[PDB]
Each structure stands twice: as structure tokens, then as C-alpha cells.
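Quick heads-up: it's one chain on its own, the form deposited in one PDB entry, in C-alpha cells.
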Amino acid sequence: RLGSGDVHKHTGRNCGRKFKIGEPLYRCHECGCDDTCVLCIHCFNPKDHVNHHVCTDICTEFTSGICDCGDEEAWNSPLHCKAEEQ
């Protein structure tokens, strides 16, 4: 047996979650390679960002925008996905 983890765990791939209208998300000035790099609520790990300038958002329009957790091109440091924590 092996217990199941979080349904948002995505070890081995990019998260790719598509945001819905009204859904919040996170940005980090220091970690994001640019101001389009974002993390969904299931992925953002506060432990990765102590003393960083974090800025939340809410998706307010139909977008093809997606969570960049697990996309190393989007981040300046390793992230530790919150959904991987047990």
C-alpha cells in the first residue's frame, strides 16, 4: 500500500492549471522571471518566499492563462510545490 497524496500534486510535469473567473493566484517579484509568471493557490508555497514581495491576483476575465509551477523557465530559484508536501 501507499497512501494517495494531494489531487493537485504534479511531480514530473508542469502544473498547467487553467484559472477560472474569480480564482485567486500568486506572483512573486523576486522569483518570477517576468510579470507573467504565476502560481495557483494549490502550488504556491509560502516557505519559498520569505521576505520576497508577493502579490496576489484574481482572474477577472476568460484567459488561456495557466499556473507555471514546475516550469523551470518561469522561475529564478527552485520552488517546492505546496501540493507535494505531505
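Start at 1 and count along the sequence shown; that's the residue number. We call the rigid core the largest set of C-alpha positions that still match within 1.5 Å between the two forms. Shifts are known only where both forms have a C-alpha.
- The stretch with the higher mean CA B factor, choosing between 27-35 and 54-62, is 54-62.
- In this entry, 66-74 shows the higher mean Cα temperature factor of the pair 7-15 and 66-74.
- Annotation for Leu2: CA B-factor lies in the highest third of the chain's modelled residues.
Omitted from view is the form solved in complex with a partner chain, to which the following refers.
- Heavy atoms of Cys15 never reach within 4.5 Å of the partner chain in the deposited bound form, leaving it off the interface.
- Contact check for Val38: a non-hydrogen atom falls within 4.5 Å of the partner chain in the deposited bound form.
- The partner chain in the deposited bound form is approached by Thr63, whose closest heavy atom lies within 4.5 angstroms of it.
- The two forms, fitted on the rigid core, differ between this form and the one not shown by less than 2 Å at the CA of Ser77.
- In contrast to the form presented, in the deposited bound form the C-alpha positions of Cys59 and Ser64 draw closer by 3 Å or more.
- Relative to the shown form, the Cα atoms of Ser64 and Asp57 move together by 3 Å or more in the deposited bound form.
- By the rule of 2 Å per CA over three or more consecutive residues, the rigid core superposition between this form and the one not shown yields one shifted run, at 62-64.
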